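1. Show me the folded form of this:
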Amino acid sequence: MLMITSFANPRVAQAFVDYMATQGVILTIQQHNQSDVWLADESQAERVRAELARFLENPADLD
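-> Residues are numbered from 1 along each chain as shown. Shown next is the structure:
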């Protein structure tokens, strides 16, 4: 199990992880003050962890 980021919103999160998951990159929301977003596809850790910043200024896609 891996921790990636945290989303102000869970939808934001579910959407992302769902998105990531759509990318075949399995994330998930961890019950916390903030929608902590964990990575399941640890193979994607770096990715996901990376994706975020890309996912932030450029979500929706992968590149």
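2. chain center to stretch 32-43: distance?
-> Relative to the centre of its chain, stretch 32-43 is centred 6 Å away, using CA atoms, centre = their mean, to the nearest Å.
3. With stretch 56-63 instead?
-> Distance, stretch centre to chain centre, for stretch 56-63: 11 Å (CA atoms, centre = their mean).
4. Same check on stretch 41-52?
-> On CA atoms, centre = their mean, the centre of stretch 41-52 falls 8 Å from that of its chain.
5. what's it in contact with?
-> Stretch 41-52 is contacted from outside by 1-2, 4-5, 16, 20, 23-27, 37, 39, 62, using CB atoms under 8 Å, 6 or more residues apart in numbering. In this view, the C-beta of every residue, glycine as well, is placed from N, C-alpha and C.
6. mind running it again at 10 Å?
-> With contact meaning CB atoms under 10 Å, 6 or more residues apart in numbering, stretch 41-52 is reached by 1-7, 16-17, 19-21, 23-27, 37-40, 54-55, 58-59, 62-63.
7. out of everything not next to it in sequence, what's closest to the spatially most central residue of the chain?
-> For the chain, residue 17 is the residue whose C-alpha lies nearest the centre (CA atoms, centre = their mean; 4.3 Å). Among residues not flanking residue 17 along the chain, residue 27 sits closest, at 3.0 Å (CB to CB, 6 or more residues apart in numbering).
8. same question, residue 36
-> Counting by CB to CB, 6+ apart, the residue nearest residue 36 is residue 30, at 3.6 Å.
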